[PDB]
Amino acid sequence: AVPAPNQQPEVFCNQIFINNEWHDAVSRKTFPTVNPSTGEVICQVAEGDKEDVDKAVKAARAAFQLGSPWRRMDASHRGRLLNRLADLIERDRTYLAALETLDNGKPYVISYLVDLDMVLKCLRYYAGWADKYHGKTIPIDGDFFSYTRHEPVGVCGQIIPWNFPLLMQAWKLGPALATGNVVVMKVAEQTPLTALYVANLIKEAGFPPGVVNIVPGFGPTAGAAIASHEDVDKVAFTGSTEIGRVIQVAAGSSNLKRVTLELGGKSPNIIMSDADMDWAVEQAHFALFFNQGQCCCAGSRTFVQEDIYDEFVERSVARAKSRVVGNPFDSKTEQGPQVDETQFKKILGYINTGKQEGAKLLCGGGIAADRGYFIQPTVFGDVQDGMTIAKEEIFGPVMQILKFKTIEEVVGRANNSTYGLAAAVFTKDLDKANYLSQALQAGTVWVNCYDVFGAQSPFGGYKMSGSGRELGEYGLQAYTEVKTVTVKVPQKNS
């Protein structure tokens, strides 16, 4: 029961947000944001650069000064504001979902029912954390009273991707604001619209000036300025593994700012012989094709047991063929276009590489429409570990199906990767599910399900998939600076 969308929502925000005010780039330059479904320019957006980031960092630092409104505000009140923001986002839920679909390309139905719902749930979850992340009173040796204060890390720089514009912003702002930090956010050049509007709601909610500053623009410019800035205390990044390296190096070369990364992946989805066929097939399909295949934890390595391989592949091909591709604003559309031309060509390149390396193309493999960046749901069979499409993150509607024999075998092959963001296991057997979930080297292991996110459960990667965790209580750790206070007392007693 989704409300009828406005297939052409008006844009009210397209500038740089600093101190609750809208500013044009110091250079007065602007960059175009394109609708991936048409290829046409939606509107111009202020191209923030280093000079702009410097204005944002100063605003943030000022808002973080001891004695300031944001610093003196009750922890509970910080929770009140987060809930207020969530309320305002829900009020403009219909509009934001449409604007999200317009700039990202994802189906409006999914934007409304999934993205916006998770955004609301994330902000409201962390709202409750605002006055509960307690410090500790420590029974240290000697005549002393020792305790820890959980203080805000400070000026936090947050660089987010384009796959989940609104959700990524919520995942970042939620924990940062709940812990009393200030933010300088750098949204993706491909999807800056929705984030900018939320900035308007952040002001409306009552958040003090400088607490949240958003600087739209390119990565090598605005993004790098934040990562290398001398007054940024912490940086959180979500994107490619390549840029993650640049971020951590920039942090080490600058002021040694704290860093947390959420990189890509090549998550394995293991389907045992005793799995519920119909369920496993549908979930495997969702596991990879969700959000145009543009998901960090996408099940891009579908391992299927030999005895059920053939039937599984058959059912998967059928499901992939019936997957409706088209205008994201039409309720029947299951898959919209890719985010941009760059990703569009990169995905086609991977498909071409899959053909060249001996992967058996089962369906799709080409452009789905003349206008826009639409790609057909592609499925590759008989994929081998050594193949490129089996190692590199495609980030598109390209499924890889591999065959295995033993449970010991699949573990080693699944773990044979530089990534380790997520993993899945489909089976009815207790011991098998427990053996695999423990053995698999991944941040999140789903059993008989996939892409099950909850603001209560932490999400992060192993190995080169990133470091640190987001969501849940763990999501507060990276946004907290621990201070130990040890006081001399006349005589310590238990």
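One rule holds for the numbers: they count along the sequence shown, beginning at 1.
Higher mean CA temperature factor between 169 to 177 and 262 to 270: 262 to 270, per the PDB entry. Higher average CA B factor: 324 to 332, of the stretches 74 to 82 and 324 to 332. The top Cα temperature factor in the record, among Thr148, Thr241, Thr194, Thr302, falls on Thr241. Highest CA B-factor among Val425, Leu66, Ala60, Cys43, as stated in the entry: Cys43. Split the chain's modelled residues into thirds by C-alpha temperature factor. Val445 is in the lowest one. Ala25 sits in the highest third of its chain by CA B factor, as recorded in the PDB entry. Ranked by Cα temperature factor within the chain, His134 sits in the lowest third according to the deposited record.
Per the PDB record, residue ranking by Cα B-factor puts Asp370 in the highest third of the chain.
Among the modelled residues of its chain, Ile347 has a C-alpha B-factor that falls in the highest third according to the deposited record.
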